[PDB]
Structures are given as C-alpha cells and as structure tokens.
C-alpha cells in the first residue's frame, strides 16, 4: 500500500467448510518478527503462530487447525488447510523488531 508498513490480504474472506484458506501478511519494513492473531469476541488478540525470520515459524497459544509460512522477509502466511465454522472470526497480523508491533488492518473470515 501507499500508507502502511503492514498489509493484510484479502481484507475479507468467505469460505465453505472444508476449503483451504490462505491469508497474506506483507510488511515492507525489513521486520524480523511476524505474528498472526485471532480476535475474540471481547476484542482480545490471541496468538496463533509467529516467526523470528525467513524460514522460521513458531506456534502460539492457539495453533490447532492453522499452519504458517515465512517464505520471504516480507511475507507471513496463515493457512487453514480445511476451514471450519469455529474459525469464523477477525484475524490481525503484526510485525516488528524487539517488542514493536506494526498491525495490519484486519481480515474478516466467515466459514459457511
């Protein structure tokens, strides 16, 4: 984008149960760390998977039923191999070095 260091795509996603879904997190700031959170109904952000650099993924608190991929410095992808309605939610990605968090604008996912 023209304005933000962190871009999420798509901004919306409708899946049918059983479809594979991939969400993209792209940052252009050379950030070492990337993160994927699911937002809960109290607007809490729950960590799914994160990454310390290219090629690395680490599991967060709620990894089950997601995988992650850090194929480049810029890109941290969240994959739902087989989407389920319990995965209907808003998802936010983030990136930074150290304790810094630059957040994406969010992706709304509905699994039907």
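Positions refer to the first chain, counted from 1.
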item: Stretch with the higher entry mean CA B-factor, where the candidates are 103-111 and 3-11; value: 3-11
item: Where the record places residue 61 (Cα B-factor, split into thirds across the chain); value: lowest
item: Ranked against its chain, the third holding the CA B-factor of residue 95; value: lowest
item: Lowest, middle or highest third - CA B-factor, residue 28; value: highest
item: Assigned third (lowest, middle, highest) for the C-alpha B factor of residue 43; value: highest
item: Chain thirds of CA B-factor: placement of residue 84; value: highest
